[PDB]
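# Close look at the chain arrangement
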Amino acid sequence: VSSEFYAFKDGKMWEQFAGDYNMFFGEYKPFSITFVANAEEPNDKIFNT
Amino acid sequence: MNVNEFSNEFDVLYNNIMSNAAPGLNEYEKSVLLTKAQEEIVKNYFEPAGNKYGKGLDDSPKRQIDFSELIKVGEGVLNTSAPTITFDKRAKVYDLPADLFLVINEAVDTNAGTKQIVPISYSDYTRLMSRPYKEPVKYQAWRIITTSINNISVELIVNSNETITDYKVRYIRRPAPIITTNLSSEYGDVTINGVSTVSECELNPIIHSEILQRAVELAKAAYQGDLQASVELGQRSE
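Residues numbered from 1 in each chain as written, not as in the entry; some residues may be left out. Chains lettered and ligands numbered in written order. Part of a larger assembly, values for the part shown. Heavy atoms only, no water.

For this coordinate set, the PDB header names cryo-EM as the determination method and states a resolution of 3.33 Å.

### Some words on the nonpolar core
All names here are of chain B. The biggest cluster of nonpolar side chains holds 24 residues, and the ones touching the most others in it are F10, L34, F67, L203 and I211. For this core, the secondary structure elements donating two or more residues are α1 (3–10), α2 (27–46) and α6 (208–224). Each residue touching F10, except ones within four places of it in the same chain, is listed here: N15, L25, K30, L33, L34, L212, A215, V216 and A219. If you look at the next biggest cluster of nonpolar residues, it comprises 13 residues, including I117, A141, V158 and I164. (Core = buried A, V, L, I, M, F, W, Y, C linked by side-chain atoms within 4.5 Å. Buried < 20%, exposed > 50% of the residue type's maximum accessible area, 1.4 Å probe, protein only. Helix = DSSP H or I, 4+ residues; strand = E, 2+ residues; numbered from the N terminus. Contact = heavy atoms within 4.5 Å.)

### What to know about the packing of α1(B) against α6(B)
All names here are of chain B. Orientation of α1 relative to α6, taken along the N-to-C sense of each, is 40°, at an axis distance of 11 Å. One element, α1, and the other, α6, form an angle in the oblique class. Judged by the twist between their axes, the crossing of α1 over α6 is right-handed. Within the contact between the two elements, α1 uses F6, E9 and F10 and α6 uses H208, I211, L212, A215, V216 and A219. (Axes fitted to C-alpha atoms, helices over the stretch in contact; angles between N-to-C directions. Parallel < 35°, antiparallel > 145°, perpendicular 65-115°, else oblique. Left-handed = near helix turned anticlockwise from the far one by under 90°.)

### Points about the pattern of salt bridges
Between side chains of opposite charge, pairing is possible as soon as their charged atoms come close. Residues and elements named next belong to chain B. Counted according to the given criterion, the structure contains 14 salt bridges over all chains. Between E40 and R214 there is a salt bridge, with its nearest N and O atoms 3.1 Å apart. Note that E40 is positioned in helix α2 and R214 in helix α6, a separation of 174 residues in sequence. In terms of burial, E40 and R214 fall into one category: buried. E162 serves as the salt-bridge partner of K115, at 4.0 Å between the closest nitrogen and oxygen. (Salt bridge = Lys/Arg side-chain N within 4 Å of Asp/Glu carboxyl O.)

### Some words on the packing of aromatic side chains
All names here are of chain B. Taken as a whole and judged by the stated rule, the model has eight aromatic pairs over all chains. For the pair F10 and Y14, a centre-to-centre distance of 6.0 Å together with 85° between the ring planes defines the contact as edge-to-face. Residue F10 is classed as buried on the basis of its relative accessible area of 1%. Their ring planes at 80° and their centres at 6.4 Å tell us that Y125 and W142 sit as a pair that is edge-to-face. On the criterion of sequence distance, the pair formed by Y125 in helix α4 (residues 122–128) and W142 in strand β6 (residues 140–145) is long-range, its members being 17 residues apart. Residue class for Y125 comes out buried when judged on its relative accessible area of 9%. When its relative accessible area of 6% is taken as the criterion, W142 is described as buried. Here the aromatic residues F87, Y125 and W142 are joined through ring pairs into a cluster of three or more. (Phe/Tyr/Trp six-rings, centres within 6.5 Å; stacked < 30°, edge-to-face > 60°.)

So, in structure tokens, the structure goes:
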């Protein structure tokens with residue numbers, strides 16, 4: 001709407017990208033990032049740190 | 001240093017100044033490495049050729065204070081319960097203490113008098129038994145090890161016409177393990193030397209630094225995984 005992004009859930013309008021971090025619709029949701037670690041993949045490695 | 005200090009200070013040395021930069025050891029692994037390190041330190045500082053100074057048990061004040069809390073005096077018990085066979089006709093079998101690591105002085109109290117025991121090698125026994133008399137000198141007795149079952153059995157070859165009334169043994173007691181936590185709490189049934197609970201160091205604080213440094217070196221070698229490092233630091237295992 002104009003120069004701002006909005007969302008509608010549970011009968012209320014939620015302005016996006018304006019609240020506190022990691023708070024979706026008043027609830028805290030976690031964040032994560034997964035990445036495969038395969039360097040020199042024929043070799044067997046002990047993953048340490 | 002309490003066990004908590006051995007664990008906390010392993011990570012100021014092994015783990016790149018507690019930076020989690022090196023691999024990371026559990027408390028069971030640290031306990032195992034500390035136990036192995038203390039055994040290695042005892043063995044190296046006992047033999048003069050095993051350390052860097054060429055000095056053995058009683059060759060300097062530092063060495064005397066190192067083994068001060070291991071030296072124990074105990075009596076041998078006659079092994080008359082088991083009617084075994086002795087290699088010498090006049091050998092009275094005696095059982096030694098169970099917590100025995102290295103013997104350094106033995107004496108036998110006879111009716112004639114106290115006699116210092118000489119641990120006689122298998123060559124000297126054959127040499128001295130090829131002669132006319134075949135008895136020790138007036139102020140000494142011989143000792144050779146015999147058939148032993150889950151213990152240490154010694155034949156005391158004292159001169160004939162004499163009876164043994166006592167047998168005192170001064171030895172280095174077997175060190176107790178170093179354990180930094182109750183192993184059963186997180187690791188199922190792992191024991192270091194049969195004890196699963198916290199075990200402090202039974203040694204003088206003077207060599208605690210030596211033991212910790214040796215443990216750190218052993219950890220770094222076991223983790224570098226090179227065969228060369230393992231065989232190089234395996235030299236000092238004796």
